[PDB]
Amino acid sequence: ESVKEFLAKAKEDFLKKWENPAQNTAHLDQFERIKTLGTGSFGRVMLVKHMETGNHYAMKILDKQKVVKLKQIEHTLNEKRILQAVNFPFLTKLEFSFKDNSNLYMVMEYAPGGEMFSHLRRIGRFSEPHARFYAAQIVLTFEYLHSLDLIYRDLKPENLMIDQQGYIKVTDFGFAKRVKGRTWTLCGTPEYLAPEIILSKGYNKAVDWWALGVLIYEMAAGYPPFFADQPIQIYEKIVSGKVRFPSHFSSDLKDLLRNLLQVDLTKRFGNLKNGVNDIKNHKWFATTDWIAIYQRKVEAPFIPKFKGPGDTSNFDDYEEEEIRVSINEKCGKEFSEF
């Protein structure tokens, strides 16, 4: 089949689940809490063991009251509805979801290799072949998501998890949205924001392709193309219309980056008549066998070190806090459909 045809069928699969979402498919007491793997403003991700199977999972736990205070109700409903409907090699679909008086719970495949962020900062930068290996998986994932009319909106190393085989999972769908037109919400991470977001224009999925340019730059340079100590200074840089590349960047890398980090939407790669093929058929991707990446048959350039199925040495240590469940239901109406 063509990719077109593969995607069309994946859309039929997605849409059935999108229109009739799974709801209340487990309970907290079915899991043993192991370790906090990360924290957000309104929640955390923990490693848990599912007792009936002994499988390990990542459990994202969101405090309903905190979600409400941060005006993230609709975004949170988006995340759960989308994640329970998708299926792709580089995504972690929801295995289960449920809620209780206090919290929302989303249970996903656990990625034991840790955050790309951690390895990238420690090692310093990745070689071009290394960066390319990751980038290809992102390119396929976005092609999938965009075909389902989904915009992702928070690409960054912090949210690219490495699996046992050294492949990646694109996680944190907190800003993901199914939208056919343009959308307007100011969201994302300062370093990764497209100019049109910063300038409060309506925008579309082209913001994901700009974000990819930021990521590939960061992976290959070891620092992002636009940085400063404060967000406002970062936004001045992004809109300014200039980017400098490290002398070690290949000619093909720089050319790809100029076409991704392009302020002009009529010229930005991924956004043109030829769609994602402008990116896939670019010279920097010449050695990339897209079918082999999708199949996860390419040998990963780097594989994290493990000693166990729930080893967590690739994660930072976070203060372990209780998972408290109030005796009173909080925010029932807001999260009715979750």
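In this text, residue numbers run from 1 along the sequence as written.
- Higher mean CA B-factor, judged across 45-53 and 287-295 from the recorded values: 287-295.
- For the pair 273-281 and 23-31, the mean Cα B-factor is higher in 273-281.
- Each of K156, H146, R182, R178 has a CA temperature factor in the record; the biggest one is found at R182.
- The PDB entry assigns the greatest CA B-factor among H248, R122, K71, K80 to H248.
- Split the chain's modelled residues into thirds by C-alpha temperature factor. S118 is in the lowest one.
- The deposited CA B-factor of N87 belongs to the middle third of values across its chain.
- Placement of the Cα temperature factor of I151 within the chain: lowest third of the modelled residues, per the deposited record.
- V243 sits in the highest third of its chain by CA B factor, as recorded in the PDB entry.
- Sorting the modelled residues of the chain by their CA temperature factor places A206 in the middle third.
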